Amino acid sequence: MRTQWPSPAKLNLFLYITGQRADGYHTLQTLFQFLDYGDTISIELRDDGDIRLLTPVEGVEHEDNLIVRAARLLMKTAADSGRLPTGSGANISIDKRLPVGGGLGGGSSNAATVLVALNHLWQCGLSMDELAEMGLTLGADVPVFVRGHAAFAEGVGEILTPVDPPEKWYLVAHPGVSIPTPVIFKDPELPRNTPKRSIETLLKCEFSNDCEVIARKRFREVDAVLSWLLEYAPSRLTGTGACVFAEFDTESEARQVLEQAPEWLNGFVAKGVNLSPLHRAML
């Protein structure tokens, strides 16, 4: 039997950088919402203990792939606590719609979907807390996807308070440039002093992304996409870019703007989701 599992994108609806820890990571205040749009991961169980990703992700080696790393990490954690039925393995395939890189979190979502699916399929019985703890070792974005709810995130992104932001419609655009996440976070001029504020304050304040000014300055393609969208709707960088999104109250308006968009915006339209499609599938 094959099972299929959603791997949704996320948006950072706002993002404030509040400081930096000694190990390099930044402490932030951000608001995660899923999109009802993303990759689909298909899994067929194996009985020989092997883990095989059958569909390569462009530019990613098999053992570097967050899909394989998640699966191996669950297998090692489960086997070390006696929670791995003998012979547990998997064949994994992905229909990948999310850009590799871009701020939509596709790789982290892939890892989270694999952790959740294989925990169920192999019957490891790991708790949400346990999966999120292992997920954090694969990326600071992974716990929000594991836990499955829109959330106000503090710390480095793993301190998650569920909130239900309005589920807007979004035109998500991908500028034609790859921005490595470390470039933004290493920039001397990145805000790392935005005051830490309460969720009420942040919900009433206009949403912004502290990384946007640097992404726009350093990558002309991002500035171009943001300038175009800003004529139609509130629009912002998500993550550290390059992806930008525009927010609409209705599906109709979002799709009309996308119809007008030059092809170099590389756009799609999707609705916000406060419950992850992964967790809606798990019901």
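Residue numbers here begin at 1 and follow the sequence given.
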| query | Got a sec? Mean C-alpha B-factor, which is higher, 188-196 or 70-78? | reply | 188-196
| request: Give the stretch, out of 161-169 and 109-117, with the larger mean C-alpha temperature factor in the deposited entry. | output: 161-169
| query | Between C211, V144, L136, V156, which one tops the list for C-alpha B-factor in the PDB entry? | reply | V156
| request: Quick one: which of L15, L11, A261, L275 shows the highest Cα temperature factor in the PDB entry? | output: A261
| field | Entry-reported Cα temperature factor of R236, expressed as the chain third it lands in | value | lowest
| task | Consider only the C-alpha atoms of the modelled residues in this chain, order them by B-factor as the entry records it, and name the third containing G87: lowest, middle or highest. | result | highest
| task | Relative to the other modelled residues of the same chain, rank the CA B-factor of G102 and answer lowest, middle or highest third. | result | highest
| task | Classify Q29 as lowest, middle or highest third according to the C-alpha B-factor given in the PDB entry, relative to its own chain. | result | middle
| query | By its CA B factor, does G148 count among the lowest, middle or highest third of the modelled residues in the chain? | reply | lowest
